[PDB]
Amino acid sequence: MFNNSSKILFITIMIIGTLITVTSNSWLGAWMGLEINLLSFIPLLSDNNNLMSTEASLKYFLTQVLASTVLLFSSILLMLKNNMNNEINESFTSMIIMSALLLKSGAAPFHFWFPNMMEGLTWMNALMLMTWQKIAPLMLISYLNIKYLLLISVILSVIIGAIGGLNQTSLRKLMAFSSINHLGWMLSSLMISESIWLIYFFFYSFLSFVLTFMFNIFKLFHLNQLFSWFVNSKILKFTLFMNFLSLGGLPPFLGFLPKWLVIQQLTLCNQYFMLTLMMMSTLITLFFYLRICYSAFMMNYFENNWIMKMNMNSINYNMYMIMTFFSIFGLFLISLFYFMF
Amino acid sequence: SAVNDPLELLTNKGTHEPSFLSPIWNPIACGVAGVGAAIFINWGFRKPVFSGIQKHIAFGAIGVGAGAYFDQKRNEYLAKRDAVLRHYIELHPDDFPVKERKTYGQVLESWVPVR
Amino acid sequence: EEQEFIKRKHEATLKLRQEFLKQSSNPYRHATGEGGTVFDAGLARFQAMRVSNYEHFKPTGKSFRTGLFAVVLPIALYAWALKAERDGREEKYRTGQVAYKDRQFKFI
Amino acid sequence: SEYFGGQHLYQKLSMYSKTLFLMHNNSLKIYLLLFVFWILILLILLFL
Amino acid sequence: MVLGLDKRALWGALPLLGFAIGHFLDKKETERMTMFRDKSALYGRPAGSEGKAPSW
Amino acid sequence: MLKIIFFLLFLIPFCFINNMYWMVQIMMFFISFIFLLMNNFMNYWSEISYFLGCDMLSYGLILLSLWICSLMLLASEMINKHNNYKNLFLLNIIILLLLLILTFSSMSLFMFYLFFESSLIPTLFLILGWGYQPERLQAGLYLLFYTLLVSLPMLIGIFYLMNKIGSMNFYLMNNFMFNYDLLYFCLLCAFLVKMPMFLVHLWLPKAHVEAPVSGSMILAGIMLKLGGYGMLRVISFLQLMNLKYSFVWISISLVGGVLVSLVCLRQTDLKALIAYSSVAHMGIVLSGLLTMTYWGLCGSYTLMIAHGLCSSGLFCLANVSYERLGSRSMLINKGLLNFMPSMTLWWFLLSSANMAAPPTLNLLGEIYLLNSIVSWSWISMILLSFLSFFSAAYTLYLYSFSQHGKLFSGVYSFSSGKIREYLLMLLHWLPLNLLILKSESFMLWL
Amino acid sequence: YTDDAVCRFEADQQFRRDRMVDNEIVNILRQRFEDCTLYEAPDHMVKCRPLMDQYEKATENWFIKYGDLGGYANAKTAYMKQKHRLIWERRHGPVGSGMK
Amino acid sequence: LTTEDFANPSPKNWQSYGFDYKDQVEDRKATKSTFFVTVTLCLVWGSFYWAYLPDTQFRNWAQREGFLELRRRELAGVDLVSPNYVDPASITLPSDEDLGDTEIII
């Protein structure tokens, strides 16, 4: 719900379409829901006001459409040669279905479209692609059970997902790379278990949701803008920016709670090597986040002169920094969460 | 006993006395959160943290309810988890034959001489 | 005498002698009483080079041989000697050759 | 010591950061071709 | 309250309030403690010497 | 211990209330006085609150933490002069204090690790929010990532221990013993970085040099000790695996010790001397500890405590020069005996304690550690002699050149010694003399 | 029993206190020998061996029970060490002979 | 300033004790308060409390028995320092087959 009333409509149709997928009984039904998602999302992404939006639209459509094409196609084969939706075993019939889904959600080797997207997308449009356009393909990846492909995805889901993030100066591309890394954790987590995967995505949704929702608020689009963005005290400049470290999930930031949950269950599966690699790369993720937080940790920097006052929406700001406060002191709610047992 | 009985080891024989803090902790955590959040609200808006206590009272009320509401859900959840685990032990006694406790005098371990 | 090398240095290098005097005798920044010292390039140069010379370090044969024989061979040889002697001594100990009379350091 | 870790790591990271940008500074045809190849490989291996 | 301790000890009470609350809570821990209260295997009185003497 | 915890939480508000720098300071000392009164422990875990206990090993560490954490406020007042967000400073300190108490009292390994690595943040605030050198940025990168790059991996070892053990209370691990050869390195090395070790000393000089008086005092006064405290608790079950692979660690520590002492001789910065010196002493502590003999361990506990105290006081000295003559260099700082002769007394004393001159809880350490190592392997003596020899050697140079030579010509008028700093130096040293009367509490913990 | 944590904890505390005493009995015998050597300037061989040897036996016995374990040593490691020594004595004979 | 100014300085100025450079009384009350809390409160009373602390580690008690236990064993005629954790008869060694070369340790 950004400018027009039609935003509500397409969001609604999108929700129904994706909800069909997660509740879909057979591959065909899931494919049906996916395409409905494809419809509902293109108009929001393809704003008619500017240019960059429109180019992102062809790339999104021209990619997702092929993804759906291959997905249904590989479905027929699996559900021919096995004559049954739940094949007895994972063969060449099934890896193609993942390769479809991995591209649709933008996983490791199939990601290049995803950074190019961010240039076009505005903030909440990006946000909405970040969070919700990754549920359905992932929940389907749950049904597919090929260990090694997910493992190669998890291996490569952080390497590029962090090395690129080091390089980007446009906040749009950084969020892309930040999520591809985080997407590495979901994929591993879903290889292990689903209840923990459900939790981890939710906290990721929450965290990414608050993050970009302030970037929308202040319209900070470039590292220079972050250094230049006026704040009266240059203290809330720093209090608000703890969340950039909640990205890395360092204990006193509530991003630790999901990463701890995934780590605990994953090592219980004994894939210790995989943990080491993802967790090695996590530092590189947190590395450029400090590169972001040079703007706020120290105080009283050199600033532009013309600005005298800084202003923002009531609704967005009122919602935003409630979510932030939780990102600050979230852990002590250790009791409040009972879904881990 | 000298008999490592899985079921009886699991059975809710009791001996779990809640603290004065044991149930109260959630109410005085969620409410403390909501009160702090309202102070957070005014702090960023350049408004008096004290001012507009209606926001603080409401935040306290909602939080307290949720903690009590969710404390309840957990306790049901934990109870059921025990029920299943005791059920599965009773289902497969063959898979978990009761084991016998022994003593160190009957075992030979290997130590580490610092020397 | 190079034909005035000493002289050529002489002219400029004796100018800043007076500026040092002006700085030192400066009644104003000495009156401020904030501490601190008259700036000195050699000091500033010296600190900066002292903290940073890795950007100059080229990992060549010289540096490798220098470092290798500086700590590496010391570390390896000493550690190997320690392990070797301990292996012998402990071997005697676990063989039980020396009873609870002769042995030393009974109390650590 | 620090060359073995320390700054040299950040030096190599920048080299590889540059590289990844060169990957991603291209046309969408190349990446879809990757995916098509990945499909094609899996399809023939089903046959074989 | 000699104007050398004005508002200073007054606020300083709250840290002392923390100690009081801290004390009372931990005393209640000594309540959940009781499983071996006089029933140990080293100090444990067998039977008798009770005489309203709850040692700790 | 919840008494202390609730006291600190109810001290937190004072940071918001204006002009509470000195009221906070007295309270932190007062609670330290209260925590002093509470002392009856034995080797067994005591004061078992909900999940907080206390013991010989933890009791003294906490007292030092409360002690040093109060002495911060004496050390740093330029924050008040500048009005450089005194509120954030006070809040950062108290938050750090609570974390230390909870780290040292966490009876669970996982609770211990949790607070242990939670302390990564508030320290980073303390350097970054009040640093001086532009290096402050890259220094923070070194500090945080050297730590996290190994401090995170023990998280696997902790969970692996859970799976094989069923809990993480310290007594429960002691009952068992593990020899999978990765558990050992993953936990050991992860602590060794924060110890730190000579090969990973790298970060530590940088962190100290470009950090304020306060942060540096914290860094050298607890963080290194906190790493060691974990070791003492954890090596209980690493014994067999440690025995197989221990010669490497003791070798590099001892070898690195003489080297880093020679680095001190050639070094030309007050904080750099002390920083390298602190690494040297913690080298010997790591050695006696890895000996695991009774003498080594009980002495290690003592040397950690004494070393933290002396390192702090020397940092206050470094702050004094940095705050008068505005430059860390050996060259600029000189002849201070002529400008603060009553201060040079304290320069000598703190130097004395660092070279193990009695009556000095430091010295009490080296007798214990040196006995342990010598028993462990006679070969050590050939390097132990030089290690202590060069230890005292650079300390002599530090004391002399800084205080003795003819004054520096270009030096702009700076105020003279003052009660805050004088009382600060007595407070760090005099307890370092006090404790020897009752070392038994600081000497026996096994 | 194998897993009776409270009982094992009780045993170790008994072991520690017993260690602290026997730890001591060595000291007292040392102090006792100390007095004798101070008794008279000529009087060293008068009662050194008759008195010291008690201290000698005490040390060796003290070593055997407690020695060679290092810190952290609890009742378990000490107790089983005795078991190991009994096995060695029965199989390979007096410690201080190598093996056969 | 002149001779009498130096000779009898005015009570306006005040020499900061290093704690507060704005108010005389705030500086002096801070130093007064700070000195009390640090020195007397810890380094007199606290030292006193430790110096008269009761037996905490049971060292003195350990050397209570040390005299007795030794004296008890010397008229008892049993070994003063028994080298067995428990009675060598109480232990029940398992047979050599159970041993099967389980790397017996000295």
# chains A, B, ... in the order shown; residues from 1 in each chain; ligands from 1
>>> closest_atom_pairs(of="chain B", to="chain A", cutoff="7 Å", atoms="only C-alpha atoms", output="CSV")
residue,atom,partner,partner_atom,distance
B:37,CA,A:322,CA,6.2
B:67,CA,A:336,CA,6.7
B:70,CA,A:336,CA,6.5
B:74,CA,A:338,CA,5.6
>>> closest_atom_pairs(of="range 203-272 of chain F", to="range 317-334 of chain F", cutoff="7 Å", atoms="only C-alpha atoms", output="CSV")
residue,atom,partner,partner_atom,distance
F:213,CA,F:319,CA,5.7
F:268,CA,F:330,CA,5.2
F:269,CA,F:329,CA,4.9
F:270,CA,F:318,CA,6.0
F:271,CA,F:318,CA,6.4
>>> write_last_selection(atoms="C-alpha atoms", output="short mmCIF file (atom, residue, chain, number, x, y, z; two decimals), in the first residue's frame")
data_model
loop_
_atom_site.label_atom_id
_atom_site.label_comp_id
_atom_site.auth_asym_id
_atom_site.auth_seq_id
_atom_site.Cartn_x
_atom_site.Cartn_y
_atom_site.Cartn_z
CA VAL F 213 42.35 5.28 29.05
CA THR F 268 58.80 3.36 21.38
CA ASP F 269 55.27 3.89 22.75
CA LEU F 270 54.07 3.78 26.35
CA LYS F 271 50.91 1.83 25.57
#
>>> closest_atom_pairs(of="chain B", to="chain H", cutoff="10 Å", atoms="only C-alpha atoms", output="tab-separated table")
residue	atom	partner	partner_atom	distance
B:105	CA	H:91	CA	6.9
B:106	CA	H:92	CA	7.8
B:107	CA	H:94	CA	8.5
B:108	CA	H:94	CA	8.4
B:109	CA	H:102	CA	9.0
B:110	CA	H:105	CA	7.7
B:111	CA	H:105	CA	8.0
B:112	CA	H:105	CA	8.9
B:113	CA	H:105	CA	8.4
>>> write_last_selection(atoms="N, CA, C and O atoms", output="mmCIF file, in the first residue's frame")
data_model
loop_
_atom_site.group_PDB
_atom_site.id
_atom_site.type_symbol
_atom_site.label_atom_id
_atom_site.label_comp_id
_atom_site.auth_asym_id
_atom_site.auth_seq_id
_atom_site.Cartn_x
_atom_site.Cartn_y
_atom_site.Cartn_z
ATOM 1 N N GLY B 105 32.938 -49.236 41.374
ATOM 2 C CA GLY B 105 33.715 -50.377 41.817
ATOM 3 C C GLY B 105 33.653 -51.547 40.862
ATOM 4 O O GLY B 105 34.488 -52.453 40.943
ATOM 5 N N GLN B 106 32.682 -51.546 39.954
ATOM 6 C CA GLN B 106 32.481 -52.616 38.992
ATOM 7 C C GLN B 106 33.001 -52.258 37.607
ATOM 8 O O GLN B 106 32.807 -53.030 36.666
ATOM 9 N N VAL B 107 33.669 -51.114 37.467
ATOM 10 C CA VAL B 107 34.115 -50.605 36.177
ATOM 11 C C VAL B 107 35.600 -50.287 36.271
ATOM 12 O O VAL B 107 36.148 -50.081 37.354
ATOM 13 N N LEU B 108 36.252 -50.266 35.111
ATOM 14 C CA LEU B 108 37.659 -49.895 34.994
ATOM 15 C C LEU B 108 37.781 -48.829 33.915
ATOM 16 O O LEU B 108 37.592 -49.117 32.731
ATOM 17 N N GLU B 109 38.101 -47.607 34.322
ATOM 18 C CA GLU B 109 38.263 -46.489 33.410
ATOM 19 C C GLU B 109 39.765 -46.279 33.222
ATOM 20 O O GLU B 109 40.582 -46.983 33.815
ATOM 21 N N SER B 110 40.143 -45.342 32.356
ATOM 22 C CA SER B 110 41.541 -44.971 32.159
ATOM 23 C C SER B 110 41.731 -43.509 32.525
ATOM 24 O O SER B 110 41.060 -42.638 31.969
ATOM 25 N N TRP B 111 42.663 -43.241 33.433
ATOM 26 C CA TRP B 111 42.894 -41.888 33.913
ATOM 27 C C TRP B 111 44.009 -41.221 33.124
ATOM 28 O O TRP B 111 44.590 -41.794 32.201
ATOM 29 N N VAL B 112 44.309 -39.986 33.502
ATOM 30 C CA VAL B 112 45.349 -39.197 32.857
ATOM 31 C C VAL B 112 46.394 -38.844 33.910
ATOM 32 O O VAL B 112 46.114 -38.042 34.810
ATOM 33 N N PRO B 113 47.589 -39.437 33.873
ATOM 34 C CA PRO B 113 48.638 -39.025 34.813
ATOM 35 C C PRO B 113 49.309 -37.745 34.344
ATOM 36 O O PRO B 113 49.927 -37.716 33.279
#
>>> interface_residues(of="chain F", to="chain B", cutoff="7 Å", atoms="only C-alpha atoms", output="NGL selection string")
:F and (239-240 or 293)
>>> closest_atom_pairs(of="chain G", to="chain F", cutoff="10 Å", atoms="only C-alpha atoms", output="tab-separated table")
residue	atom	partner	partner_atom	distance
G:3	CA	F:175	CA	9.5
G:5	CA	F:172	CA	8.1
G:8	CA	F:175	CA	9.0
G:9	CA	F:171	CA	8.7
G:12	CA	F:44	CA	9.9
G:13	CA	F:44	CA	8.3
G:16	CA	F:43	CA	9.3
G:68	CA	F:293	CA	8.9
G:69	CA	F:293	CA	8.1
G:70	CA	F:293	CA	4.6
G:71	CA	F:294	CA	4.3
G:72	CA	F:446	CA	6.2
G:73	CA	F:446	CA	8.8
G:74	CA	F:175	CA	9.0
G:76	CA	F:175	CA	8.5
G:77	CA	F:175	CA	9.7
>>> residues_around(residues="residue 24 in chain B", least_positions_apart="6", cutoff="12 Å", atoms="only C-alpha atoms", output="list in words")
residues 335 of chain A; 18, 30, 31, 64, 67, 68 and 71 of chain B
>>> residues_around(residues="range 14-23 of chain D", least_positions_apart="4", cutoff="6 Å", atoms="only C-alpha atoms", output="ChimeraX atom specification")
/A:163-164,167
>>> select_by_dssp(residues="chain B", states="alpha helix (DSSP H)", output="PyMOL selection string")
chain B and resi 6-10+27-45+53-91
>>> residues_around(residues="residue 121 in chain A", least_positions_apart="4", cutoff="8 Å", atoms="only C-alpha atoms", output="MDAnalysis selection string")
chainID A and resid 45 52:53 56 117 125:126 172
>>> closest_atom_pairs(of="chain C", to="chain B", cutoff="12 Å", atoms="only C-alpha atoms", output="Markdown table")
| residue | atom | partner | partner_atom | distance |
| --- | --- | --- | --- | --- |
| C:86 | CA | B:115 | CA | 10.6 |
| C:89 | CA | B:115 | CA | 10.0 |
| C:90 | CA | B:115 | CA | 8.0 |
| C:91 | CA | B:115 | CA | 11.4 |
| C:92 | CA | B:115 | CA | 11.6 |
| C:93 | CA | B:115 | CA | 8.3 |
| C:94 | CA | B:113 | CA | 9.3 |
| C:100 | CA | B:115 | CA | 11.9 |
| C:103 | CA | B:115 | CA | 10.4 |
| C:104 | CA | B:115 | CA | 10.3 |
| C:105 | CA | B:115 | CA | 9.0 |
| C:106 | CA | B:115 | CA | 8.8 |
| C:107 | CA | B:115 | CA | 10.0 |
| C:108 | CA | B:115 | CA | 8.3 |
>>> closest_atom_pairs(of="chain F", to="chain C", cutoff="8 Å", atoms="only C-alpha atoms", output="JSON lines")
{"residue": "F:247", "atom": "CA", "partner": "C:83", "partner_atom": "CA", "distance": 5.9}
{"residue": "F:248", "atom": "CA", "partner": "C:79", "partner_atom": "CA", "distance": 6.1}
{"residue": "F:251", "atom": "CA", "partner": "C:79", "partner_atom": "CA", "distance": 5.2}
{"residue": "F:252", "atom": "CA", "partner": "C:75", "partner_atom": "CA", "distance": 6.2}
{"residue": "F:255", "atom": "CA", "partner": "C:75", "partner_atom": "CA", "distance": 6.3}
{"residue": "F:293", "atom": "CA", "partner": "C:108", "partner_atom": "CA", "distance": 6.9}
{"residue": "F:294", "atom": "CA", "partner": "C:108", "partner_atom": "CA", "distance": 7.3}
{"residue": "F:295", "atom": "CA", "partner": "C:108", "partner_atom": "CA", "distance": 6.5}
{"residue": "F:324", "atom": "CA", "partner": "C:35", "partner_atom": "CA", "distance": 5.6}
{"residue": "F:325", "atom": "CA", "partner": "C:36", "partner_atom": "CA", "distance": 4.9}
{"residue": "F:326", "atom": "CA", "partner": "C:36", "partner_atom": "CA", "distance": 5.0}
{"residue": "F:327", "atom": "CA", "partner": "C:36", "partner_atom": "CA", "distance": 7.5}
{"residue": "F:329", "atom": "CA", "partner": "C:47", "partner_atom": "CA", "distance": 7.7}
{"residue": "F:371", "atom": "CA", "partner": "C:108", "partner_atom": "CA", "distance": 7.2}
{"residue": "F:372", "atom": "CA", "partner": "C:108", "partner_atom": "CA", "distance": 6.1}
{"residue": "F:375", "atom": "CA", "partner": "C:108", "partner_atom": "CA", "distance": 6.0}
{"residue": "F:376", "atom": "CA", "partner": "C:108", "partner_atom": "CA", "distance": 8.0}
{"residue": "F:377", "atom": "CA", "partner": "C:86", "partner_atom": "CA", "distance": 6.9}
{"residue": "F:379", "atom": "CA", "partner": "C:82", "partner_atom": "CA", "distance": 6.5}
{"residue": "F:380", "atom": "CA", "partner": "C:82", "partner_atom": "CA", "distance": 7.9}
{"residue": "F:409", "atom": "CA", "partner": "C:24", "partner_atom": "CA", "distance": 7.6}
{"residue": "F:410", "atom": "CA", "partner": "C:37", "partner_atom": "CA", "distance": 5.3}
{"residue": "F:411", "atom": "CA", "partner": "C:37", "partner_atom": "CA", "distance": 4.8}
{"residue": "F:412", "atom": "CA", "partner": "C:35", "partner_atom": "CA", "distance": 4.7}
{"residue": "F:413", "atom": "CA", "partner": "C:33", "partner_atom": "CA", "distance": 4.8}
{"residue": "F:414", "atom": "CA", "partner": "C:35", "partner_atom": "CA", "distance": 4.7}
{"residue": "F:415", "atom": "CA", "partner": "C:33", "partner_atom": "CA", "distance": 7.6}
>>> residues_around(residues="residue 33 in chain E", least_positions_apart="2", cutoff="12 Å", atoms="only C-alpha atoms", output="PyMOL selection string")
(chain B and resi 15-19) or (chain E and resi 26-31+35-38+56) or (chain F and resi 47-50)
>>> interface_residues(of="chain C", to="chain D", cutoff="12 Å", atoms="only C-alpha atoms", output="list in words")
residues 52, 53, 54, 55, 56, 57, 58, 59, 63, 64, 67, 68, 71 and 72 of chain C
>>> interface_residues(of="chain A", to="chain D", cutoff="8 Å", atoms="only C-alpha atoms", output="compact mmCIF listing (two decimals) with N, CA, C and O atoms, in the first residue's frame")
# COMPACT_ATOMS: atom_id res chain seq x y z
N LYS A 59 12.81 -8.31 -16.50
CA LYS A 59 13.74 -9.30 -15.98
C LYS A 59 13.04 -10.23 -14.99
O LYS A 59 13.22 -11.45 -15.04
N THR A 63 12.24 -14.02 -16.12
CA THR A 63 12.86 -15.07 -15.33
C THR A 63 11.82 -15.98 -14.68
O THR A 63 11.86 -17.20 -14.87
N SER A 91 15.43 -38.96 -7.97
CA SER A 91 16.23 -39.26 -9.14
C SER A 91 16.39 -38.00 -9.98
O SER A 91 16.06 -36.89 -9.54
N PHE A 92 16.89 -38.17 -11.20
CA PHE A 92 17.00 -37.03 -12.10
C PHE A 92 15.65 -36.39 -12.37
O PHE A 92 15.60 -35.22 -12.76
N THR A 93 14.56 -37.11 -12.14
CA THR A 93 13.24 -36.50 -12.28
C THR A 93 13.09 -35.28 -11.39
O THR A 93 12.40 -34.32 -11.76
N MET A 95 15.69 -33.34 -9.44
CA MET A 95 16.61 -32.22 -9.32
C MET A 95 16.17 -31.03 -10.15
O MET A 95 16.39 -29.88 -9.75
N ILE A 96 15.52 -31.26 -11.29
CA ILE A 96 15.09 -30.14 -12.11
C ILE A 96 14.05 -29.31 -11.37
O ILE A 96 14.01 -28.09 -11.50
N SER A 99 15.88 -27.00 -9.19
CA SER A 99 16.54 -25.96 -9.97
C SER A 99 15.55 -24.90 -10.40
O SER A 99 15.87 -23.71 -10.44
N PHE A 110 21.87 -19.46 -9.09
CA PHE A 110 20.83 -18.78 -9.86
C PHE A 110 20.39 -17.58 -9.04
O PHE A 110 19.39 -17.61 -8.31
N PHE A 112 21.84 -14.08 -10.32
CA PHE A 112 22.35 -12.87 -10.95
C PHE A 112 21.23 -11.90 -11.27
O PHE A 112 21.41 -10.68 -11.20
N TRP A 113 20.07 -12.42 -11.64
CA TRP A 113 18.91 -11.57 -11.87
C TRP A 113 18.59 -10.74 -10.64
O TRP A 113 18.10 -9.61 -10.77
N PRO A 115 20.30 -9.31 -7.93
CA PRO A 115 20.90 -7.97 -7.75
C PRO A 115 20.47 -6.96 -8.79
O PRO A 115 20.15 -5.82 -8.44
N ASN A 116 20.45 -7.34 -10.07
CA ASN A 116 20.01 -6.39 -11.09
C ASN A 116 18.61 -5.89 -10.81
O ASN A 116 18.27 -4.75 -11.12
N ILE A 160 29.29 -16.03 -2.48
CA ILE A 160 28.90 -14.88 -3.28
C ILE A 160 28.04 -13.93 -2.45
O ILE A 160 28.16 -12.71 -2.55
N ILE A 163 30.72 -11.96 -0.47
CA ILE A 163 31.80 -11.32 -1.21
C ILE A 163 31.26 -10.18 -2.05
O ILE A 163 31.90 -9.12 -2.17
N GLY A 164 30.09 -10.37 -2.65
CA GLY A 164 29.47 -9.28 -3.39
C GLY A 164 29.07 -8.14 -2.48
O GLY A 164 29.32 -6.97 -2.78
N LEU A 166 30.41 -7.07 0.06
CA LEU A 166 31.57 -6.24 0.33
C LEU A 166 31.71 -5.14 -0.70
O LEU A 166 32.19 -4.04 -0.38
N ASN A 167 31.28 -5.40 -1.93
CA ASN A 167 31.64 -4.55 -3.06
C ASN A 167 30.61 -3.47 -3.34
O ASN A 167 30.95 -2.42 -3.88
>>> residues_around(residues="range 79-84 of chain H", least_positions_apart="2", cutoff="12 Å", atoms="only C-alpha atoms", output="VMD selection string")
(chain C and resid 100) or (chain G and resid 15 18 to 19 21 to 26 28 to 29 54 to 67 75 78 to 86) or (chain H and resid 66 to 77 86 to 91)
>>> atom_distance(atom1="CA of residue 196 in chain A", atom2="CA of residue 98 in chain A")
20.5 Å
>>> decode(residues="range 29-48 of chain D", atoms="N, CA and C atoms", output="mmCIF file, in the first residue's frame")
data_model
loop_
_atom_site.group_PDB
_atom_site.id
_atom_site.type_symbol
_atom_site.label_atom_id
_atom_site.label_comp_id
_atom_site.auth_asym_id
_atom_site.auth_seq_id
_atom_site.Cartn_x
_atom_site.Cartn_y
_atom_site.Cartn_z
ATOM 1 N N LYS D 29 20.904 -12.620 -20.518
ATOM 2 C CA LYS D 29 20.986 -13.801 -21.368
ATOM 3 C C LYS D 29 21.996 -14.800 -20.824
ATOM 4 N N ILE D 30 23.127 -14.308 -20.318
ATOM 5 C CA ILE D 30 24.195 -15.200 -19.881
ATOM 6 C C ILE D 30 23.726 -16.072 -18.729
ATOM 7 N N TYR D 31 23.032 -15.480 -17.760
ATOM 8 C CA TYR D 31 22.640 -16.239 -16.577
ATOM 9 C C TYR D 31 21.564 -17.258 -16.904
ATOM 10 N N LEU D 32 20.567 -16.869 -17.694
ATOM 11 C CA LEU D 32 19.566 -17.840 -18.109
ATOM 12 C C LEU D 32 20.208 -18.975 -18.890
ATOM 13 N N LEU D 33 21.251 -18.674 -19.663
ATOM 14 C CA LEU D 33 21.971 -19.732 -20.355
ATOM 15 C C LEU D 33 22.577 -20.712 -19.364
ATOM 16 N N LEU D 34 23.135 -20.205 -18.262
ATOM 17 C CA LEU D 34 23.624 -21.090 -17.211
ATOM 18 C C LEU D 34 22.529 -22.046 -16.780
ATOM 19 N N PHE D 35 21.366 -21.492 -16.446
ATOM 20 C CA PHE D 35 20.261 -22.310 -15.974
ATOM 21 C C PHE D 35 19.817 -23.304 -17.034
ATOM 22 N N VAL D 36 19.742 -22.866 -18.291
ATOM 23 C CA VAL D 36 19.375 -23.788 -19.358
ATOM 24 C C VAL D 36 20.375 -24.928 -19.417
ATOM 25 N N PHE D 37 21.661 -24.609 -19.292
ATOM 26 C CA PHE D 37 22.669 -25.658 -19.309
ATOM 27 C C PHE D 37 22.469 -26.609 -18.144
ATOM 28 N N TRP D 38 22.208 -26.064 -16.960
ATOM 29 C CA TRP D 38 21.970 -26.914 -15.803
ATOM 30 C C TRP D 38 20.778 -27.828 -16.032
ATOM 31 N N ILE D 39 19.710 -27.303 -16.628
ATOM 32 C CA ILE D 39 18.582 -28.154 -16.987
ATOM 33 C C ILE D 39 19.032 -29.223 -17.967
ATOM 34 N N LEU D 40 19.705 -28.805 -19.038
ATOM 35 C CA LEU D 40 20.059 -29.733 -20.103
ATOM 36 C C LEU D 40 20.912 -30.867 -19.570
ATOM 37 N N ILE D 41 21.855 -30.550 -18.688
ATOM 38 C CA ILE D 41 22.704 -31.583 -18.117
ATOM 39 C C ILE D 41 21.855 -32.600 -17.369
ATOM 40 N N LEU D 42 20.933 -32.118 -16.536
ATOM 41 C CA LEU D 42 20.107 -33.031 -15.756
ATOM 42 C C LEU D 42 19.220 -33.875 -16.657
ATOM 43 N N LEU D 43 18.712 -33.295 -17.745
ATOM 44 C CA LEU D 43 17.809 -34.040 -18.615
ATOM 45 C C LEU D 43 18.515 -35.209 -19.282
ATOM 46 N N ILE D 44 19.689 -34.968 -19.864
ATOM 47 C CA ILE D 44 20.390 -36.064 -20.522
ATOM 48 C C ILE D 44 20.803 -37.123 -19.509
ATOM 49 N N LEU D 45 21.178 -36.711 -18.299
ATOM 50 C CA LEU D 45 21.583 -37.682 -17.288
ATOM 51 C C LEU D 45 20.417 -38.561 -16.855
ATOM 52 N N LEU D 46 19.194 -38.031 -16.895
ATOM 53 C CA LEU D 46 18.022 -38.881 -16.736
ATOM 54 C C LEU D 46 17.978 -39.941 -17.824
ATOM 55 N N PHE D 47 18.283 -39.553 -19.061
ATOM 56 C CA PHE D 47 18.272 -40.508 -20.161
ATOM 57 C C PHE D 47 19.384 -41.533 -19.996
ATOM 58 N N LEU D 48 20.587 -41.068 -19.679
ATOM 59 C CA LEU D 48 21.729 -41.954 -19.537
ATOM 60 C C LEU D 48 21.539 -42.818 -18.301
#
